[PDB]
Amino acid sequence: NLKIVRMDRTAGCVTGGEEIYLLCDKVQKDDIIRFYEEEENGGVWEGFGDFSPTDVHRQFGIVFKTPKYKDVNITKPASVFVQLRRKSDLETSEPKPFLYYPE
Amino acid sequence: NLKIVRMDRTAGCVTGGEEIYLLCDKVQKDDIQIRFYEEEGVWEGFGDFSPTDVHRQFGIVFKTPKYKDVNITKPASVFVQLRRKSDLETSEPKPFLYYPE
């Protein structure tokens with residue numbers, strides 16, 4: 001169902017606000033980007049891509065800005081995951097890798 | 001009919017070979033081209049991509065062509081248009097900046 005096909009960037013500054021173009025299989029502009037890192041003995045950090053319905057290009061693309069990472073003071077890169085997700089039923093795509101690098 | 005809606009980069013090195021994501025209205029993967037051009041005589045360069053880089057008829061991921069002169073000292077502004085191979089129809093242009101190496 002949900003699939004990320006490709007992204008123009010797979011790395012970003014921990015400060016977020018960087019624009020990325022994502023090409024996906026069919027989505028609905030008002031019912032659709034979850035950055036997440038599975039944390040060590042249970043928890044899960046998440047941040048969401050920033051964009052509006054008009055940024056969803058013809059159901060097959062999304063232009064958005066990255067969320068800020070959980071810790072903007074890291075000195076070494078942090079490898080996290082990115083996935084599509086639907087608001088209506090919280091179903092998701094298989095995750096893609098994303099690399100947060102220090103400021 | 002043809003329309004460039006947006007591109008993730010509107011500038012690049014004269015050397016070419018830089019990847020760009022272009023979002024467009026409906027195209028046919030086997031009947032589409034991306035033409036960079038400059039009136040002089042007319043210089044043209046074509047986005048480098050395969051039919052499989054045309055994403056669901058609504059986007060094209062490609063690599064920029066090398067500009068005509070790699071030794072420019074100041075940026076050269078050109079146009080980019082989508083163009084159908086069959087009937088040569090084109091979109092409205094967008095500006096694109098080639099900067100010095």
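Throughout, a chain's letter reflects where its sequence line sits, starting with A, and its residues are numbered from 1.
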Exercise for the section: State plainly whether one hydrophobic cluster holds both A:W45 and A:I33, where clusters connect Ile, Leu, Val, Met, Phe, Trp and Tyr through side-chain heavy atoms under 4.5 angstrom apart. Expected result: yes
Problem - Single-linkage hydrophobic cluster B:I4~B:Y37, side-chain heavy atoms < 4.5 angstrom - result: no
Exercise for the section: Taking heavy atoms only and a threshold strictly under 4.5 Å, list by residue number the residues of residues 65-99 of chain B that touch chain A; give 'none' if the list is empty. Expected result: none
Quiz: residues 11-22 of chain A side-chain donor-acceptor pairs under 3.5 angstrom, not counting sequence neighbours:
residue : atom : partner : partner atom : Å
A:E18   : OE1  : A:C13   : N            : 2.9
A:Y21   : OH   : B:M7    : O            : 3.4

Exercise for the section: Run through B:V5, B:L23, B:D8 and flag the one making a side chain to side chain contact (heavy atoms under 4.5 Å, CB included) with A:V63. Expected result: B:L23
Problem - Rounded distance [0.5 Å steps], NZ in A:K26 versus CZ in B:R56 - result: 9.5 Å
Practice task
Count the heavy atoms of every other residue, nucleotide or ligand shown that sit under 6.0 Å from CD of A:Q28, and state whether that count exceeds 12.
Solution key: no
Exercise for the section: May I ask you to decide if the ring planes of B:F58 and A:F60 are parallel, tilted or perpendicular, using 30° and 60° as cut-offs? Expected result: parallel
Exercise for the section: Please state whether the side chain, the backbone, both or neither of B:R9 comes within less than 4.5 Å of a heavy atom of chain A. Expected result: side chain
